[PDB]
Structures are given as structure tokens and as C-alpha cells.
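A.B. asks: Could you have a look at this structure, given as C-alpha cells, before my questions?
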Amino acid sequence: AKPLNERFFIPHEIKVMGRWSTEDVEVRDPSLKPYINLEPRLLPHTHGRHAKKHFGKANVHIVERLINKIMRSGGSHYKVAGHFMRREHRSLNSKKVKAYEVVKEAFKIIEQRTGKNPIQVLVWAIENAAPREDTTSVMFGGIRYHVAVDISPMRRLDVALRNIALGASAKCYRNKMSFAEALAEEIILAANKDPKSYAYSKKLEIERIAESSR
Amino acid sequence: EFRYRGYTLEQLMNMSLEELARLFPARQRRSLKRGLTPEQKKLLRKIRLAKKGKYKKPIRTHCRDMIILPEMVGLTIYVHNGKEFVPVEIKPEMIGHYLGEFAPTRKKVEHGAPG
Amino acid sequence: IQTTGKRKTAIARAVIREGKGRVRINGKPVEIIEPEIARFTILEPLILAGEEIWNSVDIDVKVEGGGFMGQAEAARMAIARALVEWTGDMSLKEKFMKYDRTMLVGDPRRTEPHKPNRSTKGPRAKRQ
Amino acid sequence: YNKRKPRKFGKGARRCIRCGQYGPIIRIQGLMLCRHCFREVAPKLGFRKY
Amino acid sequence: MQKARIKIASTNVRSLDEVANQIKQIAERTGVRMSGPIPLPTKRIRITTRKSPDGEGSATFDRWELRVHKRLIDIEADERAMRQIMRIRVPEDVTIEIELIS
Amino acid sequence: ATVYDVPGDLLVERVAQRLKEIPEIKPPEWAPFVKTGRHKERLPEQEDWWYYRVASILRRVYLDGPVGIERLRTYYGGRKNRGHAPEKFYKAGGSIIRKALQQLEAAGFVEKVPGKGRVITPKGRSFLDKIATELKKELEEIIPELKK
Amino acid sequence: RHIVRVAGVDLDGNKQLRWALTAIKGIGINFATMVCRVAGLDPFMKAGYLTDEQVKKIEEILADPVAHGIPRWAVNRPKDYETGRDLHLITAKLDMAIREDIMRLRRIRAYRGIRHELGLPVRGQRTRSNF
RNA sequence: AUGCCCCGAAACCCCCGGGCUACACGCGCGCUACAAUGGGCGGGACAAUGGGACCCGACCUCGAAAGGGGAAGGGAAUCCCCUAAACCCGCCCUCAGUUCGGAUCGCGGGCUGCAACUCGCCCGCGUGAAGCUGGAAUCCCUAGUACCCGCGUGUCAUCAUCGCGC
């Protein structure tokens, strides 16, 4: 249990989860600044009624929101390339301890693979995976037509984190490979704007189409 | 010949009820140990008489839970399948099986034209 | 000083006195409880209080009811209240509020009953 | 021959004391009443809706 | 020393409080130490039943609840005190059980 | 120091390795062929699993005082899948724990209060708290905070 | 030894011995485990080292499991019909035993006999919509 | 409760065998199987609605075991049901219709009841189906809530994978 107790005592000096305090980590694009909660907290879990708050979700920590997306991602109407994604075997649903442990291994992997503060790379991935324009249907005289529309920043965060989680499910499903390694790949590929990542590719798809529907 | 648990049919006749039950599976032996009903017991009296010839009557029965023993080997008993007493002759291989499995009550179910 | 803590069903009863720093959960040391996340939650108020008061007082807390997460959160409530009552310091209270609004308030949430029409999966669960 | 056989177990053993049906007999501390008959005697039994 | 344990039970709270007040007044007027009425866990008898009298209709159900309440009175032994709990006017719904403990 | 001041996993491991030496505790001739619980799906993997059971069961007698067989079965029970029907919680085997308790009772570590259970003798408490304070010394060296 | 033959069937050496015997129609997981423990060898070792003496040890445990310390309830057909002795049938032995039981049930005209004749279920399963 | 009509050894009653479970099949709803989150050994943080007298049954002892002999306490904050379950770790297995998953057979034991093959389940044994992510289209919830995970109990010897409610 010595790794367990080491990670227990290291954040005694208020460090997010175990290590990697939030002070060294910055924000690049000016739009995500008032919506990413980078405040120093030992655990990313408040059990808060931020849903009741029309915009109180901005106060929840980014890793907490990432787990909030990761734990509800299985079984839905989306069939990307004709696959059914679902957690048949010990679903993460209601098992936020499982999600905690898995994304804990995810932080460890990003440490041992990039050697930098994981929160900084997460900032990079979210900043580079946010689509910036979309399509909307407007009808006038019965004349439906498509329109290019700008996106709100908070929705850009929501969609970026959802791409991260949906990518983790997508690669981890139906493979010998395991969930944490996949989440690490999605994050690292988005953080360097790797188009092979589903997050950046679908950011590009959403930005396009809307690009042409003007 | 015929055998049941390493004993020939004569070896089954001479054995007593206790060990004859011992050589049966759990269900039939447990039913024997827990006893028989008096309708069952009097039917056994009738079949004992028929085996000895005193009971000349065509033997009929309704007890679908009667476990057939070696002593019933070699007679024709008629069991009530639901309308009438369908006949069955008891063979040496018949031992250890309820009579009720041998009266076809549910009939054959085949398929006509769908409507 | 005696202090109380309530979270859902778990109940934490804490007694704080002078001592070396021996903090015990149901009589067990806080550092050995196998769930690491629950260990984080239990240690948060005494992480934020300070090593000085951590070593100065002795707190014995007994937690009963709920799950381990409820027990840990109730214990966190109990340590927070015990520390603030023992010190009687306003600045620690304000830091606790800034860290989270529940440290002296708590969670007034409770479970809803299971209404009919397939009550099994939860309150708001119905048939197809 | 006109007697009904003595049964302690099964539905045929239990009968509602008011209506006489052989179906739904709630036996919470010995009531012996059908489930729907239970409504026509609800407020005489002391029961109250909440 | 000897104590009498008096368990009172009823459905209506007012009758139980009435008998408790009468017992308390009698104990104090007889000058006997009495452990005050301890309100024991009320038992909640809950019965659910489908409101549909037939197999036709949406499945609607009704839950009815009895709240039967109980109280414990531990008094010290005194014959003059025990002679004034059989004369008390007891409402019908109130049930009283008076046992003795060393 | 006592068992209450040390983790359960490490303490059960220490009691198991220590009791492996004692000759009175031994897996019966039917132990290696019969799984530890009805609910279990496969057979046990390690061959030390018997002593662990002992190493746990005596610890139980250290905590609950009087213990019987059925409550031990309910505790050691677990969740088994029933195919098309859902998973269900079932009790474990009784003969294994009964034999472990009998071997410990002959070991003098536990005794029988008829009509109340099996309780732990003072010698059993001494051995258990001796292992526990050994582990507490070791973990005090590993973790100085346990001095508190 | 990547390929190992025991009791007339082939097994691969990669899988562990308890898993290796699982390819024998007539040995299961628990059965393989307890026979290899009767043998005194961990069933966990890989089946590529199965030497001949241990192979024939396993073989003669298949031949007479009861005399090898195995209890009588761990065999597939305890109290065999035609002997009254508990034994563990292997391969064509199982196949012939089940064939004999099928013909026997048909002969006596049991309900199970006709269900087996029609390829029909036996244990009271309902055919209105399933199957 | 009952308008009206109809039978009166019957359109009455009683007893029993079967049926209400029968299948090439269509449809609805719940349960599970479609693994590496994983299956297996061992440790530990844990409730709660209610119930219990031919009952809860602790507990001694025997039998793998379902259970048998004895047995304390209990008619309800006093005794029992009592364990929750979710979880993490010390360790093993190594992406496979298989160490998934058990249907499906036959064997031998256990409980109940006059008796379960039509017509109960469980305990262990060789055995292992289909299923390896499923079209147009498609129903519902929105904060202790959705998701997801289990306990208990009603009715009740058993039967519900159900309803209830925790």
C-alpha cells in the first residue's frame, strides 16, 4: 500500500489529486479563462447542485467535469462507423471510484509519456479540440435553410470534453487495449492537434460544413 | 439379460424394500422413505393379488406418481391419461420411472395454415 | 469538545482534546484506510487547518451508517467542526468556506421515495 | 362425500371473510380480507391516507 | 429496590399524552420517583394496494399507514402508587402493560 | 498496540504465514478439491488459501467475540451469476469454516461458549496483538505518523 | 512440447495444465484441477512440459478416479445404471451412455423420451414465443 | 348490492386423471449473455425499509451441501432474519465464441407438500448453444435526479427474471 500512502501524504500541501499543483498551469486562448475552474482542490468531486445553477457548473474543476463526461459515456444513439458503444461489464455508471482510479492511471501515463504537468496538456487539448462554428436550420415562408452559427465558449468546453470521453470509449471498446491508455492517446493527440484524434477531426468536421453552409 | 445398478432382475426381486430404494435415485427413494398414500397402497394390494392370480380384473389406475418397482415387471396396467385408461405393459427396463410419464395426456401439436 | 456530522445516512461523532496528534477513525488510523479517495476526503480539513493544530490536538471520531463515502464525508464534516470549535478562529472558518460552502453547513440532500409503476430502478423510473 | 378436503396450504385454504373470493388475501398480522374489500373498510380500521 | 415498567401504546397521540400526564401527576402527588415517559419508536404499518378493481386500467396504487406509538414509564415500587394506576380512566384505544423488574 | 491500529490485509498475511508453521492447523484431505464457497465459480488458485481462512476466521473471533458457523457463512458469502436470471447473493460453505474453527479450538486459540458462540481465548488475543504490534512497529518505521 | 496427446486427444502446451485438460471431452475445470492436485502437481504449470510418467498418471486417474482419493460426487454419472458404481466416463464412453439413456427413455415411452424424439425441451420450458 | 333471462338431479354439487405450462410462428414487457472495466484467491469502509410463533431462528455438533440432532433469546429500539451491495488493493490469468456465458442433456444428493415427468427450485459432476455491438425507425428522465448497484418484504412450503418499497 506504500504507493497508496505516498499519494495520500504528498498532497498534504494542497495538490490536485496527488501532485501537480495548479499554479504552474496557465490558459492560452482568452475565452476559456472564466469557465475552467483551476482552483486548488485536493479531490475533483463536490457532489454539487451545479445543474440546479443555470451557470454554476463553471465553478466545478475541469478534471471533475472530465470525469462527469467519462462516466456517462456508454450506450446511445450514435453509431460511429457502425458500432454500438456500451459498458456491459462493470459499467462506470455510478462507479465514480472506478472512473477516479482509471483517470488516475491516465494522469500517471501522461506524466511518464510527456514529463510535464498533466493539467497543462489537458488545457492544450481542450483549447485545440474546440469547434468554433456550426450549422443551424431557420425556416421563413416554410423555406428551411442552413446557416453558419458561432458557438458559445461553455458549449465549446462541453463538446471538447465530450469528444475526449467519446474517444476514450471508442478506442477502448472491442480491443485488447485498455481505457486509460486510450484516454492518454486522445488527450496527447488533441493537445498536438493530431487530426488522427477523433476530437480534432470532429472539431474540423463541425467547423467545416458550417464553413460551407453560409 | 437386464440389469439395474449391477443386479439382475431376479437379484432385484429377492432384495428388500430398503436396499431396493437405496439403488434408486434421490427422488424415488425419498418418495418411498416418506411413505405411500392409501390409494397407492391399496392399488399395490390389487396388483399383488393380480400377480398371484386372485385378482382377475383388468387392472386400472389413476396414480401418476406411482414409482414402478421390479415387482410390477410383467403386467398390463391402464393409466388415466385424461379421457380413459390407456394401457401399458411393464417391462424389466421399466423399473425406477413414474407411471405418469407413460400416459400421453398432452397431444401432438402440429401446424396448419396461419390466419 | 464534542461535534456532530451528518451526510445522507452516515453520522460522525467526534471528540477533540489535547494530544500528540492521534486522529483515529472508529479507532483506526486515518493513514491506513484502504480507499485512497476517502482518505483524501477525510484528510482535507486537517490538511487545510495546519500541521501545528494537527499535532496539537487529539481527535477520536466514530462514524456509523451510510456507505464508506458517506462515512468519509461525515468524518470530514466532524473534523472541520471540531477544529473550528476547538480553535474558535474566524480566519480558518473563512478559508474553509472559500474551499467549499459545506464545511460548516453540510449537504441537506436526502433520498426520494420510489414511486409506483416500476419503482425498482428509482423514483422517476417508468415502463416503456 | 359432500365435504371439502382439509387444506392448510394453497389458495384453496385461504378465503376472504367478507366477500368469499379465493384470490387476494392479505395476511399482515391476521386480517383475512380480499385486497379490494380492503378499501370498503379502510377508514373503519383506523387507516389514514398520507 | 424494585421498579415497575409501564408500557403504554395507542394510535391517537392525545390519548397517550393524557394517560402519561395522569400517571406523572399521580406519581408526583404520591411523591414517587418516576422515570419520565420515554417515547419509543413508533411502528409504521404500511400497506400498498392497486386501486384498479379489475385488470383494466393504468396501474395505480395506494399506500396506507398506521402510526402506532408507544411510551415507557419506569417508576419505583410503591404499593400506594400501584393502587392508583388501576383506577385511572383509560381511553379505549390506549393499551397499558405494567410489569415489574428487580 | 492492537489489530485495530493496523491494516487488515497485512495483518491477515502475517497471521497466515505465522500459522502456516503450526502443525495443528492443516487443510483436510477434501480441502484441495472443494471450493471455498457455493457461490464461487472456479476453484481456489493458491494452495495457501486454507491458512488464510484460518488467519481470517480467528481475527473475526478477535473482533465479534462469540461467533457461530451460519454468520461466518453469510459474511464469506458473495455474488454469483445465475445465467439468464440475475446475479444473487449466496452463503459460502459451512464445513470448511467449521473444520477451521475446530482446528483452532484444538489449537487453544479459540473456545466455545455453548448457546452463545465461539469466543477468543486470552492466548489468542496475545498472539494476535503481538503480530499487530509487530506490524505497527514496522509501519511506524515506514510511516512515522503511526507513532500518534 | 507444443503438442501433447493424452487419453486419445490433443492439447496445446501454451495453456496451463488445468486449462490444457479442458480440451478433453470428459474433463472440466474443477475435474482437471482436482485430478492434477491428486497427482500432487500444481495444475497451473504449462502443458508443454507434460512428461510421460505424469501423462500416464493422469490417464490412470481417468481410468479409476474413485480409488485415487476423488470423492464419488465429482464424477459425471455417479451410481452408473448398469453397474451401480460411480465412474467418470470419457469421450465415446459418455457418448454411448447418453445414447443408451436416449434409447432407454424412448423404449419406456417416458415423457422425456418423446421430448427427445421431437428434439423438444424436457424441463417444463414454455414454447409459445421462445425458441 | 343488483334490473332482466336460463338450468333445477341439471346451466346443481362432490371426487379424481389431464388442461389452464401445450408450438412453423408474429408482437410487448422485464432478466441475463454478447470481457481485459474483465473471470479467479485473500483482506478490509459499509447501511436500510420491514418482518419473525408450527416462526426469526442466533448458537453447539455432524454431514461438501441443500440440511439433520440439540439449543439460548425473542409477540418488536432488548433475540433473530444480518449478510447489504456498490469499491480498492497483495496476487494469478493474457484478447480468445475462450478461463466470457451458462441455456441445452444425464447422473447423484437437499427442502416442501398426499404427491412435482404435464407439474418447483437448489446443491456438485462430463457438457457447452446462440450471442463477439445489432437497419429504416424507435419510447422515456432531467439534481439525490438520469445513469448504475444491490438489500428486504408483500402475496408466500415452493413457484416472481415479477410488483412493491428501502
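Ordering of the C-alpha cells sets the chain letters (A, B, ...); residue numbers start at 1 within each chain; ligands are numbered from 1 in the order shown.
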From a backbone DSSP assignment, name each residue in chain B labelled strand (DSSP E), as a compact mmCIF listing (two decimals) with N, CA and C atoms, in the first residue's frame.
C.D. replies:
```
# COMPACT_ATOMS: atom_id res chain seq x y z
N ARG B 60 -56.74 -51.18 -13.52
CA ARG B 60 -56.76 -49.78 -13.90
C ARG B 60 -56.24 -48.92 -12.75
N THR B 61 -55.70 -47.75 -13.10
CA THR B 61 -55.09 -46.87 -12.11
C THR B 61 -55.20 -45.42 -12.57
N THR B 76 -49.97 -55.72 -17.41
CA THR B 76 -50.54 -54.62 -18.19
C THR B 76 -51.46 -53.82 -17.28
N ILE B 77 -51.08 -52.57 -17.04
CA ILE B 77 -51.84 -51.65 -16.21
C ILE B 77 -52.31 -50.52 -17.11
N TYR B 78 -53.51 -50.01 -16.84
CA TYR B 78 -54.11 -48.95 -17.64
C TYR B 78 -54.21 -47.68 -16.80
N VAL B 79 -53.54 -46.62 -17.26
CA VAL B 79 -53.42 -45.37 -16.52
C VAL B 79 -54.30 -44.32 -17.19
N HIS B 80 -54.90 -43.44 -16.38
CA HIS B 80 -55.85 -42.45 -16.90
C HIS B 80 -55.08 -41.24 -17.43
N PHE B 85 -58.45 -44.95 -19.74
CA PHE B 85 -57.31 -45.68 -19.18
C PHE B 85 -56.50 -46.26 -20.34
N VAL B 86 -55.50 -45.51 -20.77
CA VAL B 86 -54.62 -46.00 -21.84
C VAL B 86 -53.77 -47.14 -21.29
N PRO B 87 -53.53 -48.22 -22.05
CA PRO B 87 -52.82 -49.38 -21.49
C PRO B 87 -51.31 -49.32 -21.69
N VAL B 88 -50.58 -49.89 -20.73
CA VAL B 88 -49.13 -50.02 -20.80
C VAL B 88 -48.72 -51.32 -20.11
N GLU B 89 -47.83 -52.07 -20.75
CA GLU B 89 -47.27 -53.29 -20.17
C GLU B 89 -45.91 -52.97 -19.58
```
A.B. asks: Restrict the distance test to only C-alpha atoms, flag each residue of chain B within 6 Å of chain G, and return the flagged residues as a list in words.
C.D. replies: residues 3, 4, 5, 6, 101 and 102 of chain B
A.B. asks: Would you compute the distance between atom CA of residue B:90 and atom CA of residue B:68? Give it in Å to one decimal.
C.D. replies: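 Between these atoms lies a distance of 8.3 Å.
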A.B. asks: When you draw a straight line from atom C1' of residue H:61 to atom CA of residue F:104, how long is it in Å?
C.D. replies: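 So the two atoms, atom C1' of residue H:61 and atom CA of residue F:104, lie 15.6 Å apart.
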A.B. asks: Work out how far atom CA of residue A:94 is from atom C1' of residue H:36, in Å to one decimal.
C.D. replies: 20.3 Å
A.B. asks: Can you check which parts of chain H lie within 12 Å of chain B? Per residue, the shortest pair of atoms and distance in Å to one decimal, counting only C-alpha atoms (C1' of nucleotides), sorted by chain and number, as a Markdown table.
C.D. replies:
```
| residue | atom | partner | partner_atom | distance |
| --- | --- | --- | --- | --- |
| H:16 | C1' | B:62 | CA | 8.1 |
| H:17 | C1' | B:82 | CA | 4.8 |
| H:18 | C1' | B:82 | CA | 4.2 |
| H:19 | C1' | B:106 | CA | 8.3 |
| H:21 | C1' | B:106 | CA | 11.0 |
| H:22 | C1' | B:106 | CA | 6.6 |
| H:23 | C1' | B:109 | CA | 6.4 |
| H:24 | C1' | B:111 | CA | 6.4 |
| H:25 | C1' | B:114 | CA | 8.4 |
| H:26 | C1' | B:114 | CA | 10.1 |
| H:107 | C1' | B:25 | CA | 9.1 |
| H:108 | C1' | B:25 | CA | 6.9 |
| H:109 | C1' | B:26 | CA | 6.4 |
| H:110 | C1' | B:26 | CA | 9.4 |
| H:111 | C1' | B:30 | CA | 11.7 |
| H:113 | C1' | B:34 | CA | 11.2 |
| H:114 | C1' | B:37 | CA | 6.0 |
| H:115 | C1' | B:65 | CA | 6.6 |
| H:116 | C1' | B:65 | CA | 9.1 |
| H:117 | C1' | B:101 | CA | 5.3 |
| H:118 | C1' | B:106 | CA | 7.0 |
| H:119 | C1' | B:65 | CA | 11.1 |
```
A.B. asks: Hey, what's within 6 Å of residue F:90 if we count only C-alpha atoms (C1' of nucleotides) and toss same-chain stuff fewer than 2 positions away? As number ranges by chain, please?
C.D. replies: F: 39, 77-78
A.B. asks: Please provide the set of residues having any atom within 9 Å of residue G:68, restricted to only C-alpha atoms (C1' of nucleotides), with same-chain residues fewer than 3 positions apart removed, written as a VMD selection string.
C.D. replies: chain G and resid 35 38 to 39 60 to 61 64 to 65 71
A.B. asks: Print the selection's residues with C-alpha atoms to a file, as an mmCIF file, in the first residue's frame.
C.D. replies:
```cif
data_model
loop_
_atom_site.group_PDB
_atom_site.id
_atom_site.type_symbol
_atom_site.label_atom_id
_atom_site.label_comp_id
_atom_site.auth_asym_id
_atom_site.auth_seq_id
_atom_site.Cartn_x
_atom_site.Cartn_y
_atom_site.Cartn_z
ATOM 1 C CA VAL G 35 -7.093 -34.699 -10.583
ATOM 2 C CA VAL G 38 -4.444 -35.650 -6.596
ATOM 3 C CA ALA G 39 -1.351 -36.010 -8.779
ATOM 4 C CA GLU G 60 -4.899 -43.872 -14.704
ATOM 5 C CA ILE G 61 -6.726 -41.241 -12.655
ATOM 6 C CA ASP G 64 -10.256 -45.180 -11.826
ATOM 7 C CA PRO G 65 -10.846 -41.766 -10.233
ATOM 8 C CA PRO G 71 -14.975 -38.352 -3.775
#
```
A.B. asks: Could you list, as a list in words, every residue within 8 Å of residue G:75, counting only C-alpha atoms (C1' of nucleotides) and ignoring same-chain residues fewer than 3 positions away?
C.D. replies: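 Listed by chain and then number, they are residues 72, 78, 86, 87 and 88 of chain G; 125 and 126 of chain H.
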A.B. asks: May I ask you to extract the residues of chain C within 7 Å of chain F, using only C-alpha atoms, and to give them as a list in words?
C.D. replies: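 Result: residues 20, 21, 22, 27, 28, 29 and 32 of chain C.
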A.B. asks: Please produce a file of the residues just selected, as a PDB file, in the first residue's frame, where the atoms kept are N, CA and C atoms.
C.D. replies:
```pdb
ATOM      1  N   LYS C  20      -0.987  14.386  21.170  1.00  0.00           N
ATOM      2  CA  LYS C  20       0.171  14.372  20.283  1.00  0.00           C
ATOM      3  C   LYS C  20      -0.219  14.597  18.827  1.00  0.00           C
ATOM      4  N   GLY C  21      -1.474  14.340  18.471  1.00  0.00           N
ATOM      5  CA  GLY C  21      -1.892  14.364  17.083  1.00  0.00           C
ATOM      6  C   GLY C  21      -2.527  13.058  16.658  1.00  0.00           C
ATOM      7  N   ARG C  22      -2.935  12.240  17.625  1.00  0.00           N
ATOM      8  CA  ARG C  22      -3.509  10.932  17.323  1.00  0.00           C
ATOM      9  C   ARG C  22      -4.948  11.105  16.858  1.00  0.00           C
ATOM     10  N   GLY C  27     -11.550   4.230  15.796  1.00  0.00           N
ATOM     11  CA  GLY C  27     -10.403   3.607  16.420  1.00  0.00           C
ATOM     12  C   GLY C  27      -9.281   3.224  15.477  1.00  0.00           C
ATOM     13  N   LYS C  28      -9.457   3.418  14.128  1.00  0.00           N
ATOM     14  CA  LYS C  28      -8.426   3.047  13.168  1.00  0.00           C
ATOM     15  C   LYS C  28      -7.636   4.276  12.715  1.00  0.00           C
ATOM     16  N   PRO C  29      -6.338   4.149  12.411  1.00  0.00           N
ATOM     17  CA  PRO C  29      -5.592   5.313  11.917  1.00  0.00           C
ATOM     18  C   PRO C  29      -6.098   5.779  10.561  1.00  0.00           C
ATOM     19  N   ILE C  32      -4.302   4.461   7.017  1.00  0.00           N
ATOM     20  CA  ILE C  32      -4.338   3.075   6.571  1.00  0.00           C
ATOM     21  C   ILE C  32      -5.653   2.700   5.913  1.00  0.00           C
TER      22      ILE C  32
END
```
A.B. asks: Find the residues near residue E:70: any atom within 6 Å, counting only C-alpha atoms (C1' of nucleotides), skip ones fewer than 6 places away on the same chain, and give them as a tab-separated table (two decimals) with C-alpha atoms, in the first residue's frame.
C.D. replies:
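The file below, part.tsv, is the result:
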```
chain	number	residue	atom	x	y	z
E	8	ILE	CA	-48.47	2.46	27.06
E	9	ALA	CA	-49.41	2.16	23.39
E	40	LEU	CA	-40.30	4.51	21.96
```
